[PDB]
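I have placed the structure first, in the form of structure tokens, so that the comments after it can refer back to it.
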Amino acid sequence: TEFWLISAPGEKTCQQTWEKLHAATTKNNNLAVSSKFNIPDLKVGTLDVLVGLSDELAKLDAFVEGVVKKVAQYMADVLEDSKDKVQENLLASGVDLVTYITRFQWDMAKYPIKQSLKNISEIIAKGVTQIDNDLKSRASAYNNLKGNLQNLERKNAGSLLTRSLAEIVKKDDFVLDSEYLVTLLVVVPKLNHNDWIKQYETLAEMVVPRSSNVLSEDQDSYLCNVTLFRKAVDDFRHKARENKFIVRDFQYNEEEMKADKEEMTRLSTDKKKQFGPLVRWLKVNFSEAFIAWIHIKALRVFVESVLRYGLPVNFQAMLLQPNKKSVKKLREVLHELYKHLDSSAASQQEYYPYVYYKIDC
Amino acid sequence: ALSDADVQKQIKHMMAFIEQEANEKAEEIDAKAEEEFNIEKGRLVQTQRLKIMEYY
Amino acid sequence: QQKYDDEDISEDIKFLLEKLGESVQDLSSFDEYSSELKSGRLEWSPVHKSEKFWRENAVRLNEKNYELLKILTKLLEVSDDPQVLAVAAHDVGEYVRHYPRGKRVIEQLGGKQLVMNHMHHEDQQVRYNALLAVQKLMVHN
Amino acid sequence: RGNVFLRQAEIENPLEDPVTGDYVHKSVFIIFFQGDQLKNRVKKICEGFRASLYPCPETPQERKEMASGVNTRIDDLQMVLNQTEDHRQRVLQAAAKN
């Protein structure tokens with residue numbers, strides 16, 4: 001759905017009915033949704049600086065397209081209760097966002113209008129700035145947490161060759177109180193396992209007899225260990241690397257397993273317990289961000305409608321929703337309607353004969 | 001895109017703005033006159049008082 | 001440009017060149033020019049062709065009331081000698097070239113119309129010298 | 001947002017363009033405002049396309065009188081141009097003779 005903000009001189013006292021749903025001037029003959037817009041009560045302040053005010057207002061608007069669409073991108077990336085294509089019903093502080101758009105009410109309570117327009121605009125600017133700073137810091141922290149969890153689950157994965165043996169090797173496999181030996185977990189596949197058990201003596205002198213022991217199984221090969229004097233370890237490694245045997249002088253360490261698994265489970269659970277607050281904070285702050293968004297948009301509408309008609313602030317605004325593929329017909333009929341206001345030229349293009357702004361979800 | 005009457009009316013609009021500028025400047029200078037009157041009174045009265053105290 | 005087998009010639013030409021160099025340095029001065037300006041002697045002095053003099057010491061010509069320039073202005077309407085008039089015209093042109101406010105002071109004195117009278121002098125080369133001075137006067141004008 | 005009057009003054013006798021030599025007429029249209037930032041924008045755009053913002057019409061008529069005097073000095077300068085072209089003619093003839 002895509003909406004169209006239109007504002008008019010509002011000369012007639014009854015023109016509001018024409019703005020809302022009057023069937024004579026309705027859009028696409030009662031097939032396009034048209035609603036009135038609650039015009040905020042706003043000051044003027046000045047007009048000399050107002051050109052610059054509108055300028056930097058537009059630049060701030062661009063920048064906040066940036067920040068709020070990044071907020072949308074992140075809340076979509078959370079992928080818990082809200083995703084790109086599912087669970088996309090986005091709530092403007094409790095109700096459907098279109099319900100808040102069609103029931104727009106200026107934020108009189110938070111931002112009184114006795115204050116000049118400039119100071120209110122910078123108030124909103126720095127409020128958005130601190131919203132953005134909080135988003136950056138907190139989302140970076142959550143990116144760090146997610147990266148930590150990803151590294152944890154990555155190091156908790158892999159074959160025997162590419163991962164420390166958690167649920168495979170134990171204490172009894174390695175030599176205990178060893179005075180001269182060292183147990184090397186020389187993995188041997190079944191392609192040449194008889195080879196290993198037959199010429200492990202050829203691979204090295206001064207070796208433990210009957211050391212042909214096999215611990216566990218995996219899909220690439222079979223884990224097995226050899227107990228060997230130091231020179232025997234050198235020779236066995238030297239003549240087994242060529243024999244397509246994985247060499248590994250692993251040291252049994254229950255801590256290497258228990259630590260990693262404990263951090264994995266604790267970080268996952270704490271990440272979820274903190275991601276609850278993430279989604280609450282994110283959806284809330286984005287709802288108020290969109291509230292202030294439509295407020296600054298209404299402020300723009302006011303400024304441009306005013307300068308369009310000079311000093312007096314008399315105008316009537318209205319939401320709209322043209323039918324797809326009926327757009328151009330609406331363009332030309334509204335051109336016919338509004339070209340009599342100026343009667344000369346209001347090549348209408350961007351600056352329409354009506355004060356216009358665009359929004360799309 | 002304006003005839004003579006319409007551009008004249010826009011000039012009169014800018015003029016209602018200039019008169020508004022004059023009015024807001026007038027009330028602001030009246031306000032600052034209030035505060036400057038107050039501070040002048042405070043300092044001058046207190047200095048006279050202090051001279052009278054030491055003379056006492 | 002010609003190399004000779006007698007080294008005495010090369011030493012002598014080097015000596016000639018350097019001593020004529022500091023000869024021009026000796027003739028490069030401002031107080032002798034002012035003494036001649038008071039006396040009205042306006043020859044083809046080396047200082048008159050000295051690019052250095054006009055580039056730097058033109059600030060010196062900004063005297064108190066510009067008396068030397070004023071004397072030149074008087075020499076324009078009293079002295080009819082072509083040579084001194086040409087020298088004075090070139091000097092004024094260079095002075096305005098290096099000091100536009102001095103040109104403004106001259107225009108206060110009305111010297112532009114005086115040199116305009118002098119463009120019609122019987123000595124044609126003096127007409128051209130005054131033309132060069134006027135051409136120098138036309139920057140920002 | 002043009003919201004101001006316009007002063008018009010069309011002068012014929014096409015004169016060569018200041019920067020290209022186009023023997024082109026003059027047709028002057030004046031539009032100006034009183035907002036300082038609007039003034040920055042208009043002068044930026046006008047210098048971007050085409051403009052001559054050196055002067056500034058104001059109250060002083062003595063400026064107009066001294067400017068007509070400057071037109072008099074411009075005429076005298078044109079006479080100087082006649083003298084200079086005579087000079088280059090005679091010197092180039094002297095050179096080309098031999």
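Ligands are numbered from 1 in the order shown, residues from 1 within each chain, and chains are lettered A, B, ... in the order they appear in the structure tokens.
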
Can you work out which residues from chain D touch chain B at a cut-off of 8 Å (counting only C-alpha atoms) and hand them back as an NGL selection string? :D and (3-5)

Store the residues of this selection in a file with C-alpha atoms, as an mmCIF file, in the first residue's frame.
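Final file, out04.cif:
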```cif
data_model
loop_
_atom_site.group_PDB
_atom_site.id
_atom_site.type_symbol
_atom_site.label_atom_id
_atom_site.label_comp_id
_atom_site.auth_asym_id
_atom_site.auth_seq_id
_atom_site.Cartn_x
_atom_site.Cartn_y
_atom_site.Cartn_z
ATOM 1 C CA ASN D 3 6.820 36.615 -5.772
ATOM 2 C CA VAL D 4 8.212 40.015 -6.820
ATOM 3 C CA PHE D 5 7.743 42.667 -9.489
#
```

Using only C-alpha atoms, which chain D residues lie at most 12 Å away from chain A, written as a tab-separated table (two decimals) with N, CA and C atoms, in the first residue's frame?
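Output contents, as saved in part.tsv:
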```
chain	number	residue	atom	x	y	z
D	1	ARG	N	10.56	30.54	-5.94
D	1	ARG	CA	9.20	31.00	-5.64
D	1	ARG	C	9.05	32.50	-5.94
D	2	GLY	N	9.10	32.80	-7.23
D	2	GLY	CA	8.95	34.15	-7.73
D	2	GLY	C	7.71	34.84	-7.21
D	3	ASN	N	7.91	35.90	-6.42
D	3	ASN	CA	6.82	36.61	-5.77
D	3	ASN	C	7.07	38.12	-5.77
D	33	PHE	N	14.86	39.53	-4.45
D	33	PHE	CA	14.13	39.24	-3.22
D	33	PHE	C	14.87	39.85	-2.04
D	34	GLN	N	14.33	39.63	-0.84
D	34	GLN	CA	14.85	40.21	0.39
D	34	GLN	C	15.17	39.18	1.46
D	35	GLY	N	15.03	37.89	1.17
D	35	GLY	CA	15.51	36.87	2.08
D	35	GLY	C	16.98	36.61	1.84
D	36	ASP	N	17.81	36.60	2.89
D	36	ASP	CA	19.25	36.48	2.68
D	36	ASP	C	19.63	35.12	2.10
D	37	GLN	N	19.01	34.05	2.57
D	37	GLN	CA	19.36	32.73	2.05
D	37	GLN	C	18.78	32.54	0.66
D	38	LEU	N	17.56	33.03	0.43
D	38	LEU	CA	17.02	33.07	-0.93
D	38	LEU	C	17.93	33.88	-1.84
D	39	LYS	N	18.61	34.89	-1.28
D	39	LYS	CA	19.51	35.70	-2.09
D	39	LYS	C	20.76	34.91	-2.44
D	40	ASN	N	21.26	34.12	-1.49
D	40	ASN	CA	22.36	33.21	-1.79
D	40	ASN	C	21.98	32.24	-2.90
D	41	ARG	N	20.79	31.64	-2.80
D	41	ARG	CA	20.38	30.67	-3.81
D	41	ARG	C	20.23	31.32	-5.18
```

Using only C-alpha atoms, what table do you get, as a Markdown table, when you list each residue of chain C with an atom no more than 10 Å from chain D, its nearest pair of atoms, and their distance in Å rounded to one decimal, rows by chain then rising number?
```
| residue | atom | partner | partner_atom | distance |
| --- | --- | --- | --- | --- |
| C:116 | CA | D:80 | CA | 9.2 |
| C:119 | CA | D:83 | CA | 9.5 |
| C:128 | CA | D:87 | CA | 8.3 |
| C:131 | CA | D:84 | CA | 7.9 |
| C:132 | CA | D:84 | CA | 9.9 |
| C:134 | CA | D:80 | CA | 8.9 |
| C:135 | CA | D:80 | CA | 9.2 |
| C:138 | CA | D:77 | CA | 8.9 |
| C:141 | CA | D:74 | CA | 8.9 |
```

Generate the output file for the selected residues, N, CA and C atoms, as a PDB file, in the first residue's frame.
```
ATOM      1  N   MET C 116      46.983  64.091 -21.583  1.00  0.00           N
ATOM      2  CA  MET C 116      46.165  64.094 -22.786  1.00  0.00           C
ATOM      3  C   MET C 116      46.525  65.278 -23.676  1.00  0.00           C
ATOM      4  N   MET C 119      49.833  64.290 -25.440  1.00  0.00           N
ATOM      5  CA  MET C 119      49.840  63.348 -26.570  1.00  0.00           C
ATOM      6  C   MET C 119      49.988  64.058 -27.908  1.00  0.00           C
ATOM      7  N   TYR C 128      54.170  58.840 -28.240  1.00  0.00           N
ATOM      8  CA  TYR C 128      54.100  57.415 -27.932  1.00  0.00           C
ATOM      9  C   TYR C 128      54.456  57.120 -26.478  1.00  0.00           C
ATOM     10  N   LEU C 131      51.549  57.850 -24.599  1.00  0.00           N
ATOM     11  CA  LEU C 131      50.584  56.788 -24.868  1.00  0.00           C
ATOM     12  C   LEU C 131      50.862  55.568 -24.003  1.00  0.00           C
ATOM     13  N   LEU C 132      52.134  55.212 -23.837  1.00  0.00           N
ATOM     14  CA  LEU C 132      52.476  54.111 -22.942  1.00  0.00           C
ATOM     15  C   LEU C 132      52.066  54.428 -21.509  1.00  0.00           C
ATOM     16  N   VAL C 134      49.644  56.427 -20.554  1.00  0.00           N
ATOM     17  CA  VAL C 134      48.189  56.325 -20.505  1.00  0.00           C
ATOM     18  C   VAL C 134      47.760  54.865 -20.471  1.00  0.00           C
ATOM     19  N   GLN C 135      48.370  54.025 -21.311  1.00  0.00           N
ATOM     20  CA  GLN C 135      48.032  52.605 -21.317  1.00  0.00           C
ATOM     21  C   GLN C 135      48.246  51.990 -19.943  1.00  0.00           C
ATOM     22  N   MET C 138      45.333  52.768 -17.529  1.00  0.00           N
ATOM     23  CA  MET C 138      44.004  52.239 -17.821  1.00  0.00           C
ATOM     24  C   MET C 138      43.683  50.928 -17.109  1.00  0.00           C
ATOM     25  N   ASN C 141      40.348  50.890 -15.393  1.00  0.00           N
ATOM     26  CA  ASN C 141      39.917  52.194 -15.885  1.00  0.00           C
ATOM     27  C   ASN C 141      39.906  52.216 -17.410  1.00  0.00           C
TER      28      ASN C 141
END
```

Backbone DSSP call of strand (DSSP E) for segment 58-206 of chain A, listed as number ranges by chain: A: 91-92, 95-96, 181-184

Shell of 12 Å around residue 34 of chain C, only C-alpha atoms, local chain residues under 3 positions omitted, as a ChimeraX atom specification: /C:29-31,37-42,47-48,60-61,63,66-69,71-72

Generate a file of the selected residues that holds N, CA and C atoms, formatted as a compact mmCIF listing (two decimals), in the first residue's frame.
```txt
# COMPACT_ATOMS: atom_id res chain seq x y z
N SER C 29 70.24 53.59 -7.22
CA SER C 29 69.98 54.27 -5.96
C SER C 29 68.78 55.19 -6.14
N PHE C 30 68.24 55.65 -5.01
CA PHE C 30 67.01 56.44 -5.02
C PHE C 30 67.28 57.90 -4.64
N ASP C 31 68.32 58.15 -3.86
CA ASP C 31 68.58 59.52 -3.41
C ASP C 31 69.17 60.38 -4.53
N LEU C 37 65.60 64.83 -9.58
CA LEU C 37 64.20 65.22 -9.73
C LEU C 37 63.97 66.64 -9.26
N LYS C 38 64.57 67.02 -8.13
CA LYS C 38 64.46 68.40 -7.67
C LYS C 38 65.08 69.36 -8.68
N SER C 39 66.22 68.99 -9.25
CA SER C 39 66.91 69.84 -10.21
C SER C 39 66.31 69.78 -11.61
N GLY C 40 65.35 68.89 -11.85
CA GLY C 40 64.72 68.79 -13.15
C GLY C 40 65.52 68.04 -14.19
N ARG C 41 66.65 67.44 -13.82
CA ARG C 41 67.47 66.70 -14.77
C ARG C 41 66.87 65.31 -14.92
N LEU C 42 66.28 65.03 -16.08
CA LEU C 42 65.58 63.77 -16.35
C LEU C 42 66.20 63.14 -17.59
N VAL C 47 68.49 53.95 -13.42
CA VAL C 47 67.39 53.75 -12.49
C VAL C 47 66.05 53.84 -13.23
N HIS C 48 66.01 54.63 -14.30
CA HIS C 48 64.78 54.77 -15.08
C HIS C 48 64.47 53.50 -15.85
N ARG C 60 58.97 53.91 -2.12
CA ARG C 60 59.66 55.14 -1.71
C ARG C 60 59.05 56.36 -2.38
N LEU C 61 58.57 56.22 -3.62
CA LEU C 61 57.98 57.34 -4.33
C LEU C 61 56.68 57.82 -3.69
N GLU C 63 55.93 59.57 -1.19
CA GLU C 63 56.55 60.50 -0.26
C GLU C 63 55.48 61.23 0.55
N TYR C 66 53.72 63.43 -1.67
CA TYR C 66 54.17 63.04 -3.01
C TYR C 66 54.82 64.22 -3.73
N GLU C 67 55.74 64.90 -3.04
CA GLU C 67 56.29 66.15 -3.55
C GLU C 67 57.06 65.93 -4.85
N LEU C 68 57.81 64.84 -4.96
CA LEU C 68 58.55 64.58 -6.18
C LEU C 68 57.61 64.37 -7.36
N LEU C 69 56.53 63.61 -7.14
CA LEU C 69 55.53 63.41 -8.19
C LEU C 69 54.86 64.73 -8.56
N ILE C 71 56.26 67.67 -8.34
CA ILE C 71 57.25 68.42 -9.12
C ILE C 71 57.25 67.93 -10.56
N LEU C 72 57.15 66.62 -10.76
CA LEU C 72 57.02 66.09 -12.12
C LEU C 72 55.78 66.64 -12.80
```

Among chain C, which residues does DSSP mark as helix (DSSP H, G or I) when it is run on the backbone? Keep the chain and numbering as in the structure and answer as a PyMOL selection string. chain C and resi 7-27+31-39+51-59+64-78+82-97+100-109+111-118+124-137

Using only C-alpha atoms, I'd like every residue of chain A that has an atom within 12 Å of chain B; please write them out as number ranges by chain. A: 44-48, 306-313, 339-348, 353

Could those residues be written to a file, using N, CA and C atoms, as a tab-separated table (two decimals), in the first residue's frame?
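This is the output file out.tsv:
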```tsv
chain	number	residue	atom	x	y	z
A	44	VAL	N	4.71	30.05	13.04
A	44	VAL	CA	5.43	30.39	11.82
A	44	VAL	C	6.89	30.73	12.11
A	45	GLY	N	7.12	31.62	13.07
A	45	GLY	CA	8.47	31.99	13.45
A	45	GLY	C	9.10	33.00	12.51
A	46	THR	N	9.52	32.54	11.34
A	46	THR	CA	10.11	33.43	10.34
A	46	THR	C	9.99	32.77	8.97
A	47	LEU	N	10.23	33.57	7.93
A	47	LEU	CA	10.17	33.13	6.54
A	47	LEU	C	11.50	33.31	5.82
A	48	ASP	N	12.30	34.29	6.24
A	48	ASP	CA	13.63	34.46	5.65
A	48	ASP	C	14.47	33.21	5.83
A	306	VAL	N	2.21	26.52	3.74
A	306	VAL	CA	2.22	27.93	4.10
A	306	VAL	C	2.94	28.73	3.02
A	307	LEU	N	4.22	28.43	2.78
A	307	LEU	CA	4.98	29.21	1.81
A	307	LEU	C	4.36	29.14	0.42
A	308	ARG	N	3.63	28.06	0.11
A	308	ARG	CA	2.93	28.00	-1.16
A	308	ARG	C	1.86	29.08	-1.25
A	309	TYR	N	1.10	29.28	-0.17
A	309	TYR	CA	0.01	30.26	-0.13
A	309	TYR	C	0.41	31.55	0.57
A	310	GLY	N	1.70	31.77	0.81
A	310	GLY	CA	2.14	32.98	1.47
A	310	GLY	C	2.09	32.88	2.98
A	311	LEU	N	1.82	34.01	3.62
A	311	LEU	CA	1.75	34.05	5.08
A	311	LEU	C	0.61	33.22	5.65
A	312	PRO	N	-0.65	33.35	5.20
A	312	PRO	CA	-1.74	32.69	5.93
A	312	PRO	C	-1.60	31.17	5.91
A	313	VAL	N	-2.00	30.56	7.02
A	313	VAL	CA	-1.79	29.14	7.25
A	313	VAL	C	-3.07	28.34	6.99
A	339	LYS	N	-5.45	23.09	-11.45
A	339	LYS	CA	-4.80	24.04	-12.34
A	339	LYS	C	-5.57	25.35	-12.43
A	340	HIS	N	-6.80	25.39	-11.92
A	340	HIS	CA	-7.56	26.63	-11.87
A	340	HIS	C	-7.23	27.48	-10.65
A	341	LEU	N	-6.52	26.93	-9.66
A	341	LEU	CA	-6.15	27.72	-8.50
A	341	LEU	C	-5.20	28.85	-8.89
A	342	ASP	N	-4.20	28.55	-9.71
A	342	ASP	CA	-3.26	29.54	-10.21
A	342	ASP	C	-3.62	30.05	-11.60
A	343	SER	N	-4.28	29.21	-12.41
A	343	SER	CA	-4.81	29.49	-13.74
A	343	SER	C	-3.74	29.74	-14.80
A	344	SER	N	-2.45	29.69	-14.45
A	344	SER	CA	-1.38	29.88	-15.43
A	344	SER	C	-0.52	28.64	-15.58
A	345	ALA	N	0.12	28.17	-14.50
A	345	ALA	CA	0.92	26.96	-14.56
A	345	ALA	C	0.79	26.11	-13.30
A	346	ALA	N	-0.22	26.34	-12.47
A	346	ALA	CA	-0.38	25.58	-11.23
A	346	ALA	C	-1.81	25.67	-10.72
A	347	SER	N	4.04	21.61	-17.34
A	347	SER	CA	5.24	21.24	-16.61
A	347	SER	C	5.02	21.38	-15.10
A	348	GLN	N	4.19	20.50	-14.54
A	348	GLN	CA	3.87	20.58	-13.12
A	348	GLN	C	4.77	19.68	-12.28
A	353	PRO	N	0.54	21.28	-8.61
A	353	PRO	CA	-0.34	22.40	-8.24
A	353	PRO	C	-0.98	22.23	-6.87
```

Neighbour list for segment 147-152 of chain A as a compact mmCIF listing (two decimals) with C-alpha atoms, in the first residue's frame, cut-off 9 Å, only C-alpha atoms, skip fewer than 3 positions in-chain:
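The result, stored in out_0.txt:
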```
# COMPACT_ATOMS: atom_id res chain seq x y z
CA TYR A 142 24.11 -7.87 20.26
CA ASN A 143 26.19 -8.43 17.12
CA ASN A 144 29.11 -9.26 19.42
CA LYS A 155 33.99 -24.82 17.59
CA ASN A 156 31.47 -27.36 18.91
CA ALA A 157 31.36 -28.87 15.38
CA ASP A 260 33.34 -24.68 25.88
CA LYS A 261 30.01 -26.45 26.38
CA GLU A 263 29.92 -21.12 27.68
CA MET A 264 27.82 -22.33 24.74
CA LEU A 267 25.70 -17.61 26.32
CA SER A 268 22.75 -18.99 24.36
CA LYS A 271 21.41 -14.15 24.79
```

For residue 2 of chain C, please output as a PyMOL selection string all residues within 12 Å (counting only C-alpha atoms; exclusion window: fewer than 6 positions along the same chain). chain C and resi 9-10+13

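Residues within 12 Å of residue 120 of chain C, counting only C-alpha atoms and excluding same-chain residues fewer than 3 positions away, are residues 80, 82, 113, 114, 115, 116, 117, 123, 124, 125, 126, 127, 128, 129, 130 and 131 of chain C; 80 and 83 of chain D.
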
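We find atom CA of residue 89 of chain D and atom CA of residue 75 of chain D to be spaced 21.2 Å apart.
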